[PDB]
Amino acid sequence: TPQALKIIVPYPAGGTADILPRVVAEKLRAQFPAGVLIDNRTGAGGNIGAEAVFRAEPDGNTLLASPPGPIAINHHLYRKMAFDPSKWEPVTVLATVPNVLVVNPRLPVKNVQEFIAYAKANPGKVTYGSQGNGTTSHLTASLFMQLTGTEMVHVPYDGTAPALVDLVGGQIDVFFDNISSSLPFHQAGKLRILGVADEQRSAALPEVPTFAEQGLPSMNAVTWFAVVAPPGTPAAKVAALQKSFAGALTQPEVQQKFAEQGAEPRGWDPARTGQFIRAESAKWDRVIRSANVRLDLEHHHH
Ligand SMILES: O=C(O)c1ccc(C(=O)O)cc1
């Protein structure tokens, strides 16, 4: 008898991890008359909510919709975890979204090179927020520091939303967020985006140069928002779910809300999604080792 589709998002409401599945869910209600429920489950950089899905019954009624940390990245930083992301059953990728460098407006910097010089002038003093250990914002900051020889202080939060509160407030200095969540802040001059970590500019921010344009072509850091099912979820179930998500993503209300905030809808099939997750896991391993990425197991609140 009918069950609501339960989607855990392992980050606080407000950021891109929460908004993209919520936008999609509005057009899935069609194939799920009992409802599509988003359940935010915060902490440990995404791992609390991930654990909850990993142990859920593998019937495809409980899914994780997450950015890369608890899917492709975290397992490279934790020697002992409570779940094994290699055992997720991939469903789809909802979207890819480039990361950016975004700064508090009172920082006296107008581009990436001026920020490099400012961090060198203040070695070990500039703070970068992150969305949590092993999130793309954490690793993107690490990459930047390796490529530029800068030394900054990690201030981990539990997702984008609390990090942006403190960035706007001036309690931290910089953050390597994704463009979608930082965009409205930049548009209103509440934050300043200095560069886009992709090979082309974003159509959502056509006036902001890439990092490649500004002298750092290895700053390619495009995050993504995937859906995974518990270990053992049947292949035919993951296939049907992917088809439903793909259909929602082509609905003009969804497509259009993604595109307006610089998110590229994907809708990839399960096997393509698995291949992509493994490639991304290998890509971020290389960053972790090259940039000597370390955990910060102290907690921060906005
Ligand atoms: O690892 C990431 O890219 C990522 C992590 C958290 C959030 C969020 O809190 O919305 C978005 C993206």
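Criteria and thresholds
Residues numbered from 1 in each chain as written, not as in the entry; some residues may be left out. Heavy atoms only, no water. Near = heavy atom within 4 Å. Polar contact = N/O pair within 3.5 Å; in protein donor to acceptor, adjacent residues only side chain to side chain. Areas by Shrake-Rupley, 256 points an atom, 1.4 Å probe, with all protein chains shown as cover. 1 Å grid on protein atoms, 1.4 Å probe; cavity = no way out; pocket = protein on both sides within 12 Å on 5 of 7 lines; lining within 4 Å. Sits in = over half its atoms within 2 Å of the grid points. Helix = DSSP H or I, 4+ residues; strand = E, 2+ residues; numbered from the N terminus. Domains from an automatic or database assignment. Core = buried A, V, L, I, M, F, W, Y, C linked by side-chain atoms within 4.5 Å. Buried < 20%, exposed > 50% of the residue type's maximum accessible area, 1.4 Å probe, protein only. Contact = heavy atoms within 4.5 Å. Points joined across faces, edges and corners; volume = space filled by probe spheres on them. Nonpolar A, V, L, I, M, F, W, Y, C, P; charged D, E, K, R; others polar.

- If you check the header, you'll see the entry was determined by X-ray crystallography and the resolution is listed as 1.40 Å.

1. Topic: the site of the ligand
- Around the ligand, the structure places 14 residues, and the nearest of them are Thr16, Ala17, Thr136, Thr160 and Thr223.
- With respect to the ligand, the side chain of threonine 136 contributes an N or O atom lying 2.6 Å from an oxygen atom.
- Here the ligand has 310 Å² of accessible area as a free molecule, and 100% of this is covered by the chains.
- The cavity where the ligand resides is the largest cavity.
- Contributions of two or more residues to the shell around the ligand are made by α1 (16–28) and β10 (222–229).
- The two domains that each donate at least three residues to the shell around the ligand are domain 1 (1–97 + 222–302) and domain 2 (98–221).

2. Some points on the nonpolar core
- Counting residues in each nonpolar core, the largest one holds 49 residues, and the members touching the most others are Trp88, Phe115, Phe144, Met152, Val174, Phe176 and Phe211.
- Elements supplying a minimum of two residues to this core: α2 (47–54), α3 (69–73), β5 (100–103), α4 (112–121), α5 (136–148), β10 and α10 (270–290).
- Residue assignment places this core across two domains, with domain 1 (1–97 + 222–302) and domain 2 (98–221) each supplying three or more.
- The residues contacting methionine 152, other than those within four sequence positions of it, are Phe115, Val126, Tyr128, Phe144, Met145, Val174 and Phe176.
- The next biggest cluster of nonpolar side chains, apart from the first, holds 48 residues, and it includes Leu164, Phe175, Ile179 and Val227.

3. Quick word on empty space enclosed by the protein
- A complete count under the given rule lists one cavity of 30 Å³ or more for this structure.
- In this structure, the largest cavity encloses a volume near 150 Å³.
- Surrounding the largest cavity, 16 residues form its lining, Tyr11, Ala17, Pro67, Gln131 and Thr160 being those nearest its centre.
- Per-element tally for the lining of the largest cavity: the top contributor is α1, with three residues.
- The class makeup of the residues in the lining of the largest cavity is six nonpolar, nine polar and one charged.

4. Examining the environment of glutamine 251
- One can find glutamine 251 in the loop between α8 (235–250) and α9 (252–260).
- Owing to a relative accessible area of 31%, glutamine 251 belongs among the partly exposed residues under this scheme.
- In this structure, the C-alpha to C-alpha distance between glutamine 251 and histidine 138, residues 113 residues apart in sequence, is 33 Å.

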